Every structure is written in C-alpha cells, then in structure tokens.
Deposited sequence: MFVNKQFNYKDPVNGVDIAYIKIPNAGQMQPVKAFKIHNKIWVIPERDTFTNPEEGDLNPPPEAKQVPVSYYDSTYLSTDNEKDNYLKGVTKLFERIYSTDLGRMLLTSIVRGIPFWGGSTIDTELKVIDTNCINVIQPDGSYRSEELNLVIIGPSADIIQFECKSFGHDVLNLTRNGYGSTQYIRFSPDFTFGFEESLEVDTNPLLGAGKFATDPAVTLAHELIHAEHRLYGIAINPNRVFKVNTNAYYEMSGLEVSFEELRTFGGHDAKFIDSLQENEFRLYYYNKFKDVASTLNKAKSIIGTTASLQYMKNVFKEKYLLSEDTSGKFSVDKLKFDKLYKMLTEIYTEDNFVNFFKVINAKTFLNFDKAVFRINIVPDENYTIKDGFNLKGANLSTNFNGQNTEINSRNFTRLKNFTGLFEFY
C-alpha cells in the first residue's frame, strides 16, 4: 500500500500532506498546491513553469515528435485526475518486487548533506527542500527526495531534472539532489511491433500503446541514479549507426543504461569499469566527510542520526570506533542494483507487457488515455484486464481492439 491515503485535489490544505508549497531557486512563483503521497515524495498537479526560468510559459514555439496544449492540466478536475493517475502508477510499480525495491532505494536516497565550506560541519543544500506553507501562514522547510510534476510546454517531453549546486555536480559526485520528474499519466505512446520470426503471430492488429507504468518507472530509474549521484554525464554518447543516408544519431549512455537489455551493452567494459571505480572513489569521499564531521547545522536532528541516515543510504561499514568506510562488495551490490537491476527492460518483464525492444523502435504516435477508471486499467493488469477479453495477446495494449482507451492525437 504505497500511498496510505485517498487524496482528492479539492481536499483542504492541512500543512502536513496537503499544502501550498514554494520551490527552491524558482525565483518568485506563486505557491502551488501539492500532495505528499509517501515519505520524501510529493506531487505537484501543475504544468511545470517553475523549475526552469526560460520555460515559464506554455506557448507553442517554432517547434521541432512533440505535443502542445496550453489548456491541459488547467482545471481542478484535471488536476484531481492527474493526482489519481500518478498515485495509481506508483501502486502498480510498487506492487511488483522490482518496483518495491526501486522505490525503497529512492526513499533511502536522501541527498547528501554536503553544503558546508567547513569540513568539520555537516550542512543541508537548500535546493533539496521545499517550503510547506502552514494554515497559519508560516512556512516550514522540508527535505524531500522526489517531486512528480506536470510537463512544461511540450506535454510529452517527460524527464527527470534537478537544481544542482553552483560548484558541485550533485547528480555525479555521489551526493545526489532532489529529483523533479516532469510526467503525465494522461498520455502514452504508440509503437509498432518489429515483426521478428519468433514473435507471437496472434498479435491483434496495428499499433500498440506503451504502459504508462513502464514510462514512469523509466523516469524513476533516472531519479535513483541522480539521487545517488552516480548518473552518467549526459555528454557521454554512443554514435548510433542508423541509415546509410546518415553520416549519425547520438544517444546518451545514461539513457542506454536506463533502458537496459541489449541497449545497455553499448556501454563497453572499459567504460563500465571507469564509471564504477569513479563512483566507488566518490563514496569513499562521502565516508571521509562523515568521518570528519563533528557538528551539524540547521539543527533539529542529532549528528549521529544524520550520519546513520547516510550510513544506510550508501551501505557504509562502521567499526567499533564508529568510523565509516566503504565496503567493496556492498558497494558492488548497491551500484549493480541501481544500474543493472533497475532498468526499463526488467520492468517490461515483471509487468509482462508489450513494449518497444529498444529506442531504435521509436514510437509512431501519441495517444490520450485515462487509467484512473478500473474498467480501463488496474494496478495488477494495466490495460490487459483479467475477466475481460483484453487479457489475451495483449489486447489491452492494442489501440485497434481497445480503441476505447486510446484517442490518437499526433503523428
């Protein structure tokens, strides 16, 4: 039961799990109503016009496969439906063993307290918090790990982003930082079945639709990487050979790793070792920082308590003197779990749903959906409902057969 509370958009703010909040480095935004669906995880049912200065408008630019609709997610009812859709996908992910593990890792992934210039001092990094406005009018500073928010101008441009320090590279120095995922449970993508000799022949008809749960899990995987500060520099790319009429299409290692499967293998053995040793070295530095820490600022919690929070996050070893160190095999398990076990491909397998076999299998269309009604989608079966006749040959995902759950929009 990942979300132990039925949240309706119109429920009165209480200053605890329903409240108007302000986001860091968002300049001077108006407070937005948010919901805390799980410890360290909030959801803002608004179009994202706060995380980025240059993207504070929902206006359709000169363009470039995208989808725009400045009116999407503008009504309370829509926001209410958005909230229920996100909450439902989390329950779907969490219902699996893989998902239960991923979300647990995310919740234990508190961004490191490395905001002090004094090495004998542990301090929080302000951009890893939000201000929770209370019913009285005061604001309470709250640390959080994950924020799910609506998309910006391009509705289908989902992504996992964060604020990041002035000097430090939080998503790549092992510290981690609060992750903001632009996502929408109201849309999904259509892909075409790459007819391979051993693939099921009884496949209903043309287009199939991506299960929004796989899509959210995809972003959650980026979040895990970023929260543990072991994300692969987005500069790193593989020059994919597509056509002969193409002298090259770049695809980042971070994406190939996240998708997993055959795709992940484009990251050769030399690069894998490089990233692993690098991050191993980074964890060892976090251990040293914790070891030199004698005081904590922004006081409330005890020093030992916070040190312990990071001993748990990084799976550090503590001797009888109380000094932390990094254990090679524990690091290996943690790192492998985050980069090789949590992948889009492994989720497609747990969920038992049809999905593109690789990015190379680019989505043909964009569909409008609504997973909230149980008559349409369930936590356990997604679109391929049991009693129904949709639970056969993935009929539930067939946009021809399950034409009533999909409404074509673009491409």
| query | finding |
| --- | --- |
| Deposited-sequence segments unaccounted for in the coordinates | 65-68, 252-253, 418-425 |
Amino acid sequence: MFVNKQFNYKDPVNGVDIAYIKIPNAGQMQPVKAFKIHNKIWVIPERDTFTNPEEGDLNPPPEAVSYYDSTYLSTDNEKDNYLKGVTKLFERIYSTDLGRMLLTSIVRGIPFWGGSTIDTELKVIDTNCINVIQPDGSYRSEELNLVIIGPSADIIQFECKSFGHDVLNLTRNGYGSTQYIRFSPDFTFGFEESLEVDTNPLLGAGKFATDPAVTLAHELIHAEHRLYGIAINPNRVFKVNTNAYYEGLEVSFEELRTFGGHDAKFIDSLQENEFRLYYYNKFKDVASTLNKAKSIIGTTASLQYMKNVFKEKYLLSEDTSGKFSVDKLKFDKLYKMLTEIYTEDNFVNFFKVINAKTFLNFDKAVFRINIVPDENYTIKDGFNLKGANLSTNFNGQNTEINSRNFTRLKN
From here on, numbers count along this sequence of modelled residues.
query	finding
Selected stretch [higher average CA B-factor]: 352-360 or 40-48	352-360
Selected stretch [higher average CA B-factor]: 369-377 or 382-390	382-390
Among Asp319, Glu340, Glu219, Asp285 - the residue whose C-alpha B-factor is largest in the record	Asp319
Ranked C-alpha temperature factor of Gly396 among modelled chain residues, by third	middle
Modelled-residue ranking by C-alpha temperature factor, third containing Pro185	lowest
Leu202 - Cα temperature factor, lowest/middle/highest third of chain	highest
Relative C-alpha B-factor of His225, binned into the chain's lowest, middle or highest third	lowest
Among modelled residues of the same chain, the CA temperature factor third for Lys292	highest
